[PDB]
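File shown here: input.txt, holding compact mmCIF, N, CA and C atoms.
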# COMPACT_ATOMS: atom_id res chain seq x y z
N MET A 1 0.83 -1.20 0.00
CA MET A 1 0.00 0.00 0.00
C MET A 1 0.87 1.26 0.00
N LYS A 2 0.47 2.24 -0.80
CA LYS A 2 1.21 3.49 -0.90
C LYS A 2 0.28 4.65 -1.23
N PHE A 3 -0.65 4.94 -0.32
CA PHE A 3 -1.60 6.03 -0.52
C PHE A 3 -1.31 7.19 0.43
N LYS A 4 -1.91 8.34 0.15
CA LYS A 4 -1.72 9.52 0.97
C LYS A 4 -3.01 9.90 1.69
N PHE A 5 -4.14 9.56 1.09
CA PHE A 5 -5.45 9.86 1.67
C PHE A 5 -5.89 8.74 2.61
N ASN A 6 -5.56 7.51 2.25
CA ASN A 6 -5.93 6.35 3.05
C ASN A 6 -5.50 6.54 4.51
N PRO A 7 -6.12 5.77 5.41
CA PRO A 7 -5.81 5.83 6.84
C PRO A 7 -4.43 5.28 7.17
N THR A 8 -4.00 4.28 6.40
CA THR A 8 -2.70 3.66 6.61
C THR A 8 -1.58 4.69 6.48
N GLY A 9 -1.88 5.81 5.84
CA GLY A 9 -0.89 6.86 5.66
C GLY A 9 -0.23 7.25 6.97
N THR A 10 -1.02 7.35 8.03
CA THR A 10 -0.51 7.73 9.34
C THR A 10 0.23 6.57 9.99
N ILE A 11 -0.42 5.41 10.04
CA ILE A 11 0.18 4.22 10.64
C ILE A 11 1.54 3.92 10.01
N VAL A 12 1.55 3.78 8.69
CA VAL A 12 2.79 3.49 7.96
C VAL A 12 3.88 4.50 8.31
N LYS A 13 3.46 5.73 8.61
CA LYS A 13 4.40 6.79 8.95
C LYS A 13 4.91 6.62 10.38
N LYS A 14 4.05 6.12 11.26
CA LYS A 14 4.41 5.90 12.65
C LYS A 14 5.26 4.65 12.81
N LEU A 15 4.81 3.55 12.21
CA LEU A 15 5.53 2.29 12.28
C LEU A 15 6.96 2.45 11.75
N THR A 16 7.12 3.34 10.78
CA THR A 16 8.43 3.58 10.19
C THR A 16 9.32 4.39 11.13
N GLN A 17 8.70 5.21 11.97
CA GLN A 17 9.43 6.04 12.92
C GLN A 17 10.34 5.18 13.79
N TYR A 18 9.97 3.91 13.96
CA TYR A 18 10.74 2.99 14.78
C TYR A 18 11.70 2.17 13.91
N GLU A 19 11.32 1.96 12.66
CA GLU A 19 12.14 1.19 11.73
C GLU A 19 13.36 1.99 11.30
N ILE A 20 13.18 3.29 11.11
CA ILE A 20 14.27 4.17 10.70
C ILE A 20 15.47 4.03 11.63
N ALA A 21 15.20 3.75 12.90
CA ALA A 21 16.25 3.59 13.89
C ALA A 21 17.31 2.60 13.41
N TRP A 22 16.85 1.47 12.87
CA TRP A 22 17.75 0.44 12.37
C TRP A 22 18.77 1.03 11.41
N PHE A 23 18.31 1.89 10.51
CA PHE A 23 19.18 2.53 9.53
C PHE A 23 20.00 3.64 10.17
N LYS A 24 19.43 4.27 11.20
CA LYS A 24 20.10 5.35 11.91
C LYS A 24 21.40 4.86 12.54
N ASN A 25 21.43 3.59 12.91
CA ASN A 25 22.62 3.00 13.53
C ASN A 25 23.67 2.66 12.47
N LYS A 26 23.27 2.73 11.21
CA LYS A 26 24.18 2.43 10.11
C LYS A 26 24.84 3.71 9.59
N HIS A 27 24.12 4.82 9.68
CA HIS A 27 24.63 6.10 9.22
C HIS A 27 24.24 7.22 10.19
N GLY A 28 22.97 7.24 10.58
CA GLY A 28 22.49 8.26 11.50
C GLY A 28 21.78 9.39 10.78
N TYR A 29 21.19 9.08 9.63
CA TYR A 29 20.48 10.08 8.85
C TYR A 29 19.05 9.63 8.55
N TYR A 30 18.36 10.39 7.72
CA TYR A 30 16.98 10.07 7.35
C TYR A 30 16.68 10.50 5.92
N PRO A 31 16.85 11.81 5.65
CA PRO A 31 16.60 12.38 4.33
C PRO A 31 17.65 11.95 3.30
N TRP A 32 17.66 12.61 2.16
CA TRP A 32 18.61 12.29 1.10
C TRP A 32 19.96 12.96 1.35
N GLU A 33 20.07 13.62 2.50
CA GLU A 33 21.31 14.30 2.86
C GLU A 33 22.26 13.35 3.58
N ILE A 34 22.43 12.16 3.01
CA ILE A 34 23.31 11.15 3.60
C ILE A 34 24.70 11.20 2.95
N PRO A 35 25.74 11.17 3.79
CA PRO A 35 27.13 11.21 3.33
C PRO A 35 27.54 9.92 2.63
N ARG A 36 28.83 9.79 2.33
CA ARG A 36 29.35 8.60 1.66
C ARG A 36 30.80 8.36 2.05
N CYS A 37 31.27 7.14 1.82
CA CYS A 37 32.65 6.77 2.14
C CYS A 37 33.56 6.98 0.94
Rewrite the structure of this file - the entire thing - as structure tokens.
Amino acid sequence: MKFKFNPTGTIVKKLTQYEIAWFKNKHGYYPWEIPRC
């Protein structure tokens, strides 16, 4: 699912708030402003 009006829009956004952490430990970013090696 990938809608903006649907109700899942909020949930998917919240559930991700915790998933992003996993990636945050790999780099510590979120947006496209991620560095490189």
I'd like the interatomic distance between CA of residue 11 in chain A and CA of residue 35 in chain A, to a tenth of an Å.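 Atom-to-atom, CA of residue 11 in chain A and CA of residue 35 in chain A are spaced 28.8 Å apart.
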Point-to-point distance in Å for atom C of residue 15 in chain A and atom N of residue 31 in chain A: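 Computed distance, atom N of residue 31 in chain A to atom C of residue 15 in chain A, equals 14.9 Å.
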Can you list every residue in chain A that DSSP puts in alpha helix (DSSP H), as a ChimeraX atom specification? /A:8-24
Atom N of residue 5 in chain A to atom C of residue 34 in chain A, straight-line distance in Å: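 It comes out at 28.9 Å.
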